[PDB]
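Q: can't give you the sequence, but here's the structure:
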(Lines give C-alpha, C1' and ligand atoms only; values in the text may rest on other atoms or scores of the structure.)
Protein backbone atom coordinates (compact mmCIF):
# COMPACT_ATOMS: atom_id res chain seq x y z
CA UNK A 1 0.00 0.00 0.00
CA UNK A 2 1.04 3.67 -0.04
CA UNK A 3 -1.47 5.30 2.30
CA UNK A 4 -3.91 4.52 5.13
CA UNK A 5 -6.86 3.33 3.04
CA UNK A 6 -4.86 2.15 0.02
CA UNK A 7 -5.17 -1.64 -0.26
CA UNK A 8 -2.63 -4.21 -1.46
CA UNK A 9 -2.80 -5.70 -4.97
CA UNK A 10 -5.13 -3.82 -7.35
CA UNK A 11 -6.87 -5.41 -10.36
CA UNK A 12 -7.25 -4.76 -14.10
CA UNK A 13 -7.03 -1.46 -16.00
CA UNK A 14 -9.17 0.68 -18.36
CA UNK A 15 -7.01 -0.31 -21.35
CA UNK A 16 -8.58 -3.75 -20.85
CA UNK A 17 -11.15 -2.55 -23.39
CA UNK A 18 -8.87 -1.03 -26.04
CA UNK A 19 -6.56 -3.98 -25.39
CA UNK A 20 -8.36 -5.68 -28.29
CA UNK A 21 -7.16 -2.94 -30.65
CA UNK A 22 -3.67 -2.63 -29.16
CA UNK A 23 -2.94 -6.15 -30.44
CA UNK A 24 -5.16 -5.69 -33.50
CA UNK A 25 -7.33 -8.64 -32.41
CA UNK A 26 -11.12 -8.85 -32.73
CA UNK A 27 -13.22 -10.24 -29.88
CA UNK A 28 -15.21 -12.07 -32.56
CA UNK A 29 -12.95 -15.10 -32.05
CA UNK A 30 -13.02 -14.56 -28.28
CA UNK A 31 -16.00 -14.79 -25.90
CA UNK A 32 -16.88 -12.75 -22.81
CA UNK A 33 -18.33 -15.38 -20.46
CA UNK A 34 -18.02 -12.96 -17.53
CA UNK A 35 -20.61 -12.95 -14.74
CA UNK A 36 -22.35 -10.30 -16.85
CA UNK A 37 -20.97 -10.53 -20.38
CA UNK A 38 -18.17 -8.31 -19.07
CA UNK A 39 -15.24 -9.33 -21.27
CA UNK A 40 -12.69 -10.59 -18.74
CA UNK A 41 -8.96 -11.20 -19.22
CA UNK A 42 -9.31 -14.96 -18.74
CA UNK A 43 -10.93 -15.10 -22.19
CA UNK A 44 -8.22 -13.27 -24.14
CA UNK A 45 -5.46 -15.03 -22.20
CA UNK A 46 -5.93 -18.27 -24.15
CA UNK A 47 -5.15 -16.36 -27.35
CA UNK A 48 -2.12 -14.11 -26.88
CA UNK A 49 1.06 -15.63 -25.44
CA UNK A 50 3.14 -15.69 -22.25
CA UNK A 51 4.33 -12.72 -20.18
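A: Perfect, I can see it now. Numbering: from 1, shown residues only.
Q: residue contacts, the residue of the chain positioned farthest from its centre?
A: Going by Cα atoms, centre = their mean, the residue of the chain most distant from its centre is residue 4, 27.4 Å out. If you count contacts by Cβ atoms under 8 Å, 6 or more residues apart in numbering, residue 4 has none. Any C-beta I mention is one placed from the backbone N, CA and C, and that applies to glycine too.
Q: Need the single longest helix in this protein, by residues.
A: Secondary structure of the chain per DSSP state H: the longest helix is helix 15-22.
Q: List the buried residues of that one.
A: Under the neighbour-count criterion of 16 or more other Cβ atoms under 10 Å, helix 15-22 has residue 19 buried.
Q: ok now do residue 15, which residues does it touch?
A: Listed by Cβ under 8 Å, 6+ apart, the contact set of residue 15 reads residue 22.
Q: Could you measure from it over to residue 1?
A: Residue 15 sits 23 Å away from residue 1, taking Cβ to Cβ, to the nearest Å as the criterion.
Q: do residue 17 as well
A: 27 Å.
Q: Which parts of the protein are strands?
A: With DSSP state E applied, the chain shows no strands anywhere along its length.
Q: Give me the most central residue, it.
A: By Cα atoms, centre = their mean, the mean C-alpha position of the chain lies nearest to residue 41, the distance being 3.6 Å.
Q: from memory that one sits against residue 20, does it?
A: No - taking contacts as Cβ atoms under 8 Å, residue 41 lies outside contact range of residue 20: 11.3 Å.
Q: residue boundaries of the helices in this structure?
A: Using DSSP H, the helices of the chain run over residues 15-22, 41-44.
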